[PDB]
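What follows is one chain in C-alpha cells, specifically the form solved without the ligand.
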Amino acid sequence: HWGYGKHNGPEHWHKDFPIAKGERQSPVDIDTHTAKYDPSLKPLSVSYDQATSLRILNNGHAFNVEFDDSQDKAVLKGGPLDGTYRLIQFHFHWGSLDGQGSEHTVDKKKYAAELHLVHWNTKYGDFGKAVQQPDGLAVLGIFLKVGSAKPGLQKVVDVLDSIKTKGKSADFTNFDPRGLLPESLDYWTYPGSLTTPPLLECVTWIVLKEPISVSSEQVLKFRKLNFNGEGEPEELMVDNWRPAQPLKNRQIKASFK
C-alpha cells in the first residue's frame, strides 16, 4: 500500500499517513548557507565497541542490519542529545543511478545513497514506545558517494545474494559498524521524522557533513536486491528514497564553523 513504485510512491503516502504533510517531516534539503553554527552543541559520542550485530533482513523496502538493543552495547550520546540512545538497526537508501539515492540533500545535491544508523532513547524502554515520543529516536545519517570502495561495507555486500527477496534474512554476527563511518563527526542536526510510513515525528536527525566513498561494484550489488518476494516478478530494489520535504518552522544547526 506504500512503496517506491509507479503508483504507491512518496507522493501517495499522505492518503494512508496524513502526517506525511506534517510540520516536522524528513528528509529535508540542508542549505549550508542558512544552517547556523550552534555553540550549545557537543561532539557526538559514538560508542560502538560492544556492538552485537545479529541478523540482516530484506523487509521489502530496504535491508536492515539488526543489533542486540537489550543492553547499552552500541550507543549514541552527546551532540544535540540528552540521555542515551541505543542502536537497533542500520539500513540504506539508494538510487538506480549514481546521481540520486540520498534522502537528505545538501544545497540540493543528491548523493548516491544514504546510511541510516537508527537509535532509540532508553528512557522510553523499547523502540515501539520511543517512536511515540518527539525525542524518541536519533538517526545518524551518512552520505555515500561512488569512488573508492569502502572496505568496511564489503561484508554487507557479500551477504546480499542470500537476502535477495522480501522476507529473507541471514545471520549477521560480529559486524562492526565503526567501519561505515567517515573520519569527521562534524554534523548538521534538526528535528524530524521517520522517512517511511508511519512517518512519525519522533527523530532527532544527525547528518554527517563528510560522505563515505563506496565503489561502483558495491553500489551495483545493492541494485541487484529485489523489492518483491521469491517467486514473484522481479522488481529491483532501487530508488528507495523519499524526496526532501518542506522545512517549515525548523532550523538546521551545524556543529562546525
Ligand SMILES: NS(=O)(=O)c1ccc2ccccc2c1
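One rule holds for the numbers: they count along the sequence shown, beginning at 1.
Beyond the structure shown, there is the form deposited with the ligand bound, which is absent from this document and is the topic of what follows.
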Q: Decide open or blocked for this chain: the ligand is absent here, so superimpose its site C-alphas on those in the deposited complex and check whether 3 or more ligand atoms come within 2.4 Å of a backbone or C-beta atom.
A: open
(Q) Can you work out whether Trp188 and the ligand are in contact in the deposited complex, taking contact to mean some heavy atom pair no more than 4.5 Å apart? (A) no
Q: Although the ligand is absent from this view, report whether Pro211 comes within 4.5 Å of it in the deposited complex, heavy atoms only.
A: no
Q.
Is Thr105 near the ligand? Define near as a heavy atom within 4.5 Å, in the deposited complex.
A. no
Q) Counting only non-hydrogen atoms and a 4.5 angstroms cut-off, does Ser215 reach the ligand in the deposited complex? A) no
Q: Could you work out which of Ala74, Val118, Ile142, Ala112 is the residue within 4.5 angstroms of the ligand in the deposited complex, going by heavy atoms?
A: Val118
**Q.** Within 4.5 Å of the ligand in the deposited complex: residues from 192-219 (heavy atom criterion)
**A.** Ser193, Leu194, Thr195, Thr196, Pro197, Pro198, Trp205
